[PDB]
Amino acid sequence: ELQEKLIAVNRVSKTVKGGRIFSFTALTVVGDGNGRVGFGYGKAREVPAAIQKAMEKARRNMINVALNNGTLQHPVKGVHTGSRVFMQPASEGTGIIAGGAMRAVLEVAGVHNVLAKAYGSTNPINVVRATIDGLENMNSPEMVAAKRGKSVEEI
RNA sequence: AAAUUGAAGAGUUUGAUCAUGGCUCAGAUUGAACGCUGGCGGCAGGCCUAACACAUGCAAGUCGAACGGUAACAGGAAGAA
Ligand SMILES: [Mg+2]
């Protein structure tokens, strides 16, 4: 019922006394389509084995995101080691406007309308981390209402 | 009542990685030029260079209801016609 898709696959190497030892890495994102999204990173000698490992890694380490209506509550800015991510909620019907890694993360999470831009490095492993960081730190008016002790007359 | 409801990335330094950093590409546009090809119509546009030199024709005339006047055409009439 939940959706899963593969971000990128990369071949890595570890040289030994005999020579190189080739390996394959898989970055995947798993989301239920509501705002519960996670990512998994796995390593294996074979591409099917590597992608499978990332699949179970993503089912654990799931997070929850509070969405308004298929979109973000407010503009959000997610920063990881070398990647800067700016996402802001857009109007209905505008669709998803984001880079490769961010679009997959966003679409499996369940955000249909969003304007998202990536600054800094565009390494898939780090932009996915930055995107997850933004969806965390974004908040909901009811949790803010309890946070400030001011009820929900703000909106 | 309606009057911007708007932001995408990729390749390349390494045995492999992250970062930094340049180079390149995917878009739109043009008073365009060239190559290959070419049926029609509508609208628009068309010396960006030598403010270089110019044959030829035209591009500022009009008024007789300002004036003298009759070169020219037509009308009008004295008269050997
Ligand atoms: Mg000129």
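(A) Broad picture of the pairing of strand β7 (residues 114–120). Relative to β7, strand β5 (residues 83–89) runs antiparallel, the two sharing seven bridges. Looking at the pairing, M87 lines up with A116 of β7. The pairing of strand β6 (residues 96–97) with β7 spans two bridges and is parallel. Its bridge partner being in β7, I96 is matched across the sheet by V114. For the crossover that starts at β6, traverses helix α2 (residues 100–109) and ends in the parallel β7, the hand is left-handed.

(B) Quick look at a nonpolar patch on the surface. Residues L6, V9 and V47 make up a contiguous nonpolar surface patch of roughly 210 Å² in combined accessible area. As for its placement among the helices and strands, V9 is situated in strand β1 (residues 3–13).

(C) Representation of the sheet that holds β7. As summarised here, the arrangement of the four strands in space is β4-β5-β7-β6, forming an open sheet in which the pairing is mixed. Single-partner strands in this sheet number two, and they are β4 (76–79) and β6. In the sheet, β4 pairs with β5 via four bridges, with the strands oriented antiparallel. By the bridge assignment for β5, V79 is matched with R84. Relative to the sheet, α2 contacts β5, β6 and β7, its axis offset from that of β7 by approximately 145°. In the packing of helix α3 (residues 124–137) onto the sheet, the strands contacted are β4 and β5, and the crossing angle to β5 comes to about 45°.

(D) Structural context of α2. Along α2, seven of the ten residues are buried, which leaves the element largely enclosed by surrounding structure. The set of residues buried in α2 consists of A101, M102, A104, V105, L106, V108 and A109. One or two steps after α2, the chain reaches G110, where phi turns positive at roughly 125°.

(E) Quick peek at the pairing of β4. Burial along β4 is one-sided: the face carrying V76 and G78 is buried and the face carrying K77 and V79 is not. Two successive antiparallel strands, β4 and β5, enclose a turn made up of three residues.

(F) Spotlight on the packing of α2 against α3. Remark: α2 packs on α3, axes separated minimally by 9 Å, with the N-to-C direction vectors making an angle of 40°. When the axes of α2 and α3 are compared, the pair comes out oblique. In the packing of α2 onto α3, the handedness of the crossing is right-handed. Of α3, the residues touching α2 (which contributes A101, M102, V105, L106 and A109) are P124, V127, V128, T131, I132 and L135. For the contact of α2 with α3, the residue count by class is ten nonpolar, one polar and no charged.

Rules behind the numbers
Residues numbered from 1 in each chain as written, not as in the entry; some residues may be left out. Chains lettered and ligands numbered in written order. Part of a larger assembly, values for the part shown. Heavy atoms only, no water. Pairing = 2+ DSSP bridges. Helix = DSSP H or I, 4+ residues; strand = E, 2+ residues; numbered from the N terminus. Right-handed = clockwise from strand over helix to strand, strands pointing away. Patch = residues over 30% accessible without salt bridge, like charges linked within 9 Å, V, L, I, M, F, W, Y side chains within 5 Å. Areas by Shrake-Rupley, 256 points an atom, 1.4 Å probe, with all protein chains shown as cover. Salt bridge = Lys/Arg side-chain N within 4 Å of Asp/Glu carboxyl O. Contact = heavy atoms within 4.5 Å. Axes fitted to C-alpha atoms, helices over the stretch in contact; angles between N-to-C directions. Buried < 20%, exposed > 50% of the residue type's maximum accessible area, 1.4 Å probe, protein only. Parallel < 35°, antiparallel > 145°, perpendicular 65-115°, else oblique. Left-handed = near helix turned anticlockwise from the far one by under 90°. Nonpolar A, V, L, I, M, F, W, Y, C, P; charged D, E, K, R; others polar.

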